[PDB]
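Inspection log for the structure reproduced underneath, given as structure tokens.
Here the Cβ positions follow ideal geometry from the backbone for every residue, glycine too, while neighbour counts run over all protein chains shown. What is reported rests on the model, the rules as stated and the sources as named; nothing here is a laboratory result.
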Amino acid sequence: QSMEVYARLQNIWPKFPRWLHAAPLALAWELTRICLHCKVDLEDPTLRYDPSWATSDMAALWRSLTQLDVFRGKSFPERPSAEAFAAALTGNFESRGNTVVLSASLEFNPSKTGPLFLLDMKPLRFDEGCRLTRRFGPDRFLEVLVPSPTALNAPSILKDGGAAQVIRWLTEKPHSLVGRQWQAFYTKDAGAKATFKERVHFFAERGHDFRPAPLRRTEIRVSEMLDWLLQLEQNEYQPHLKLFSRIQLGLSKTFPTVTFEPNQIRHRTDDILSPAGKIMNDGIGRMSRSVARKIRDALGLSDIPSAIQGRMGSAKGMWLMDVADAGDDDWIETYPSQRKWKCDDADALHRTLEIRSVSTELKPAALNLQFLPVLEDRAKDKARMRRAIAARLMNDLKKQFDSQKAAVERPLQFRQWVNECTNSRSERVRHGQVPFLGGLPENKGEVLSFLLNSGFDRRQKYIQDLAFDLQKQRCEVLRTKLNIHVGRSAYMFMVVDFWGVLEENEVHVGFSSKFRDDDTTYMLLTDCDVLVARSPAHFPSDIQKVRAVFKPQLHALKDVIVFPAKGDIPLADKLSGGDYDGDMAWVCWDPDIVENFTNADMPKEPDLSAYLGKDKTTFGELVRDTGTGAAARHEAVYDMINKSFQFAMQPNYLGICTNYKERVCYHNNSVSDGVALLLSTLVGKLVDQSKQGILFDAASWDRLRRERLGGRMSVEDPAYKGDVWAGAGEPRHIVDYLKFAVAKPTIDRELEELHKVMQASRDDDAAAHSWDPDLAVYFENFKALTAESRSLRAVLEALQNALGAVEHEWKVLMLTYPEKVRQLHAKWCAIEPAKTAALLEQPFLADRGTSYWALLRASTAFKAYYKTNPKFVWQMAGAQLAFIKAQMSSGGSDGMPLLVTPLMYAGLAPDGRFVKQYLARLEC
């Protein structure tokens, strides 16, 4: 509708040749991927169809195929998972709760009658299912990441002609792909530098397989889908954009838990009201004890959660355990603030609890920098608070280094430390073992435990090396983000108190178990003040002090925080406009912080009405534009999609006014002047921009700053937006101080104290050397063999020349990193040898990686490139040096060699109880 665009927007999506029409979608999609990966044109027939395809494992279909030689080629692409692809033909797209996705990804192109957008079809991926995909079949949905067409900028034709035919292209008709008609329904914010994207959800309305009609695969429009989900005749009263936003409830990624009976769902008509006006339980309502037992059962938690975040048809938010239920019937209640459209809750998938997230066990959280200036403002003593905060930074940091340098002195304990600092557990479960990247584990802290399990020390330069990398990389996190750890703080779910036990400024926090703070332990909080705060805190009052009081009534509500239902304003609200619908709280009970805090009073949101303008046009006025009947209802849906998209794709000002605030407050060295309450208010209203259909745009933004602020022009980036310190004097600003003056120096200092220390080795005995005589014991033995040789001799010499060329390969390969590491591993694993040439290789062993040659390969590798390329041999052979180092450091009769298989090994962990008691005996 320009036209520039058209013709552009061609041919963005590839077509569908008659040889692929046979079905199914699975191979059709993955074959489309192969063809454009291999840059083969799909409009070359001379091709056919194979029934074996309907059965196999892509590599099977991918080895067809290829043959053909022009499919040689190449190989790849990334390829879908084992459980996924088989389900993509014969498992109907689903494993228990995890659906199979179709996901494409769009980035810009330049010219024309050229595309404009470049497709990237990711392979079939398992994700969790939502309600629509569960209802209509996961095969009928597509999600693409699309660049926003109002993100300036881009290549020039983009927005040279600002407009927006782009959006009209996405919404108006379908998009023909792999035989199907995909029609857009929802558009959301994305869940040197590249550009920002919009996630767009298409629903396949028809295609090559399809058949009518009300009252597989049937024909079925986006208009009927939403009519199912939303139930449209009973919801005309809604503003269409607000009804559009509600789509997000049917798309939310959730685990299905229980379907209730209509009686067992207790739809409350009123919210609990202020003693009085203000709802005191926004989004939160009780579930039964049994549903909570059930939710554990269903998902498999190691314990019943006291609270849950789900979805329940039209309902959304938090359910907590009713403590006053003792009994054995399942029930759940719902409240108005929960229920987001009028749902009759008829069919089963509107009656079923879909679980988003559970109450799980707290971890120490610390203090994000966003809260820093707020705290400084509400500090009693600002200097002492500065000194309070910085001190805690350096001590946790001292604490984690001294703990780690002491551990390193003793294998058992150095192993024990690594295990207490990360987790490959959820990765191990995944791949059935310790996933391995060439010759060594993927995760570094897994790499250490294996090389220590195999009997290595701080005699080995590589082991020293990795110990340093681990802690350094966790330092990096801290020097950028200022995630300043606070031993006495957690992130908790807010819950409200339905039983009237806590008073206006009283909260209840109990743990599900022993909370560790370094010195001391906790299992609840009583008779002590606590700071509560929802991220982000923008007002001085968005951080609130309250008294942590325990009530044994609520003993059973664990790992959450209970706010009162009493007084005028619910606490959740006081914390940056919160409510209880998933929102979590920064709960700090550190005395040194809390007691220097003094409460501020809730501001009044200033009159910003001339800039904030809700488009309240309803879904019923949109139908009335079509004249009556179901038809007028059918097109209204497409009116609304089309119009909601033009809104959805406007620039997210939320993030731009928040940036401006972070700059205007930093310069103005205030969070508590008048221009800060004006922005704080504004960024408040804009978090709801989506679901309120608010009109706030380039015009209003300029208009505002003209009339009420500075200061249109680029306000400066703050100093802490760099690495090293910019200006004149040791820093004044709290955040600059904390970054440049404290964190940087504290870290660099302690990084060095154990790079001192490496590095001291020379031959004092002590210290670290890549060289280890044990690790070349296969090499030397075979080198005098081979003296004395004949053609053995031929064996060794070509191995050594081979290895050379492989390390040469590493040199370049200095284009994805593990890929490179693998590419050149297989070239490493390719080095292959009357008489012992029958033995060493041992091809009754299925895979070259548990043979004796492999040792010799690696022990020889080591001597030649330990100089030199220590790394190169560890990333290829590391597990083969492990055999060696395990065999040789063993004497025999003082322990034999116990070989644990990958699964059994990934099933074992270091035994803290044993390490504590076994040192207790070594230090007699």
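Would you confirm whether or not region 269-283 contains a residue that is loosely packed, with under 15 Cβ neighbours inside 10 Å, among the hydrophobic types (A, V, I, L, M, F, W, C) and over 34 Å from the mean Cα position of the chain (by Cα)? Taking every residue of region 269-283 in turn, at least one turns out to be loosely packed, with under 15 Cβ neighbours inside 10 Å, among the hydrophobic types (A, V, I, L, M, F, W, C) and over 34 Å from the mean Cα position of the chain (by Cα). Of all residues in region 30-59, those satisfying the criterion of being surrounded by 13 or more Cβ atoms within 10 Å (Cβ to Cβ) and assigned to a helix (DSSP H, G or I) are 30, 31, 32, 33, 34, 35, 36, 37, 53, 54, 58. Could we say that residue 400 is crowded, with 16+ Cβ neighbours inside 10 Å, out of contact with any helix residue (DSSP H, G or I) (no Cβ under 6 Å at 6 or more places or on another chain) and either at positive phi or not in a loop (DSSP other than H, G, I, E, B) (or both) here? In short, yes. Restricting region 874-892 to residues that are part of a loop (DSSP other than H, G, I, E, B) and out of contact with any helix residue (DSSP H, G or I) (no Cβ under 8 Å at 6 or more places or on another chain), the residue that is nearest to residue 463 (Cα to Cα) is 890.
The one condition from (1) among the hydrophobic types (A, V, I, L, M, F, W, C); (2) closer than 21 Å to residue 361 by Cβ; (3) touching a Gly at 6+ places or on another chain (Cβ under 8 Å) that residue 572 does not meet is (2). If the condition is being of a type in the set (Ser, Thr, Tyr) and closer than 19 Å to residue 375 by Cα, then region 570-598 contributes 576, 598. Filter region 88-120 down to residues that are in contact with a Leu (Cβ under 9 Å, 6 or more places away or on another chain) and part of a helix (DSSP H, G or I) and give me whichever is surrounded by the fewest Cβ atoms within 10 Å (Cβ to Cβ). The residue in question is 89.
Exactly one residue out of 383, 346 is more than 27 Å from the chain's Cα centre (by Cα) and part of a helix (DSSP H, G or I), and it is 383.
Restricting region 302-335 to residues that are β-branched (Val, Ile, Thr), part of a strand (DSSP E or B) and in contact with a helix residue (DSSP H, G or I) (Cβ under 7 Å, 6 or more places away or on another chain) leaves a set whose member that is nearest to residue 552 (Cα to Cα) is 308. Note on region 552-576: residues that are surrounded by fewer than 19 Cβ atoms within 10 Å (Cβ to Cβ) and either in contact with a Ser or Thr (Cβ under 6 Å, 6 or more places away or on another chain) or in a loop (DSSP other than H, G, I, E, B) (or both) total 5. In the set 163, 192, which member is assigned to a loop (DSSP other than H, G, I, E, B), surrounded by fewer than 22 Cβ atoms within 10 Å (Cβ to Cβ) and within 32 Å of the chain's Cα centre (by Cα)? After ruling out the rest, the residue left standing is 192.
Taken over region 403-415, the residue count meeting the criterion of being over 31 Å from the mean Cα position of the chain (by Cα) and assigned to a helix (DSSP H, G or I) is 6. Checking every residue in region 496-517 against the condition of being crowded, with 19+ Cβ neighbours inside 10 Å, more than 24 Å from residue 272 (Cα to Cα) and β-branched (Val, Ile, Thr) gives zero matches. Pairing residues of region 913-924 that are within 17 Å of residue 419 (Cα to Cα) with residues that are exposed (fewer than 10 other Cβ atoms within 10 Å of the Cβ), at Cβ distances under 7 Å and at least 6 apart in sequence or on separate chains, gives no pairs at all. For residue 68, indicate whether it is assigned by CATH to the domain that holds residue 128, under 17 Å from residue 35 (Cβ atoms) and either out of contact with any strand residue (DSSP E or B) (no Cβ under 7 Å at 6 or more places or on another chain) or surrounded by 19 or more Cβ atoms within 10 Å (Cβ to Cβ) (or both). Taking the combined requirement at face value, the residue does not satisfy it. Inclusion of residue 541 among residues that are in the same structural domain as residue 492 (by CATH), closer than 20 Å to residue 683 by Cβ and polar (S, T, N, Q) is warranted.
Taken together, the residues in region 900-920 that are part of a loop (DSSP other than H, G, I, E, B), surrounded by 10 or more Cβ atoms within 10 Å (Cβ to Cβ) and over 30 Å from the mean Cα position of the chain (by Cα) amount to 2. For region 473-481, the count of residues that are within 21 Å of residue 517 (Cβ to Cβ) and outside any helix (DSSP H, G or I) is zero.
With respect to the stated conditions, residue 85 fails to be outside any helix (DSSP H, G or I), within 23 Å of residue 127 (Cα to Cα) and not assigned by CATH to the domain that holds residue 106. Considering only residues that are farther than 13 Å from residue 858 by Cα and surrounded by 14 or more Cβ atoms within 10 Å (Cβ to Cβ), look in region 790-812 and name the one that is farthest from the chain's Cα centre (by Cα). Here the residue is 792.
Residue 489 is checked against (1) among the small types (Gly, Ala, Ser); (2) buried (at least 17 other Cβ atoms within 10 Å of the Cβ); (3) in contact with a helix residue (DSSP H, G or I) (Cβ under 7 Å, 6 or more places away or on another chain) and fails just one. What number does that condition carry? All conditions are met except number (3). Among the candidates 378, 392, 351, 386, the residue that is touching a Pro at 6+ places or on another chain (Cβ under 8 Å) and farther than 19 Å from residue 265 by Cβ is uniquely 378. Taking the conditions (1) crowded, with 18+ Cβ neighbours inside 10 Å; (2) within 26 Å of the chain's Cα centre (by Cα) in turn, residue 171 satisfies each one other than (2). Scan region 535-551 for residues that are surrounded by fewer than 22 Cβ atoms within 10 Å (Cβ to Cβ) and within 27 Å of the chain's Cα centre (by Cα) and the total you get is 2. Among residues that are touching a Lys or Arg at 6+ places or on another chain (Cβ under 9 Å), surrounded by fewer than 20 Cβ atoms within 10 Å (Cβ to Cβ) and in a strand (DSSP E or B), residue 253 is not included. Scanning region 68-98 for residues that are touching a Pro at 6+ places or on another chain (Cβ under 9 Å) and closer than 25 Å to residue 823 by Cα gives 77, 78, 79, 80, 81, 84, 85. Number of residues in region 427-470 that are touching a helix residue (DSSP H, G or I) at 6+ places or on another chain (Cβ under 6 Å) and of a type in the set (S, T, N, Q): the value is 3. On the stretch given as region 577-620, residues that are within 14 Å of residue 496 (Cβ to Cβ) and in a loop (DSSP other than H, G, I, E, B) total 6.
Taking region 606-647 as the range and being more than 20 Å from residue 167 (Cα to Cα), among the hydrophobic types (A, V, I, L, M, F, W, C) and either within 34 Å of the chain's Cα centre (by Cα) or not assigned by CATH to the domain that holds residue 246 (or both) as the test, only 612 passes.
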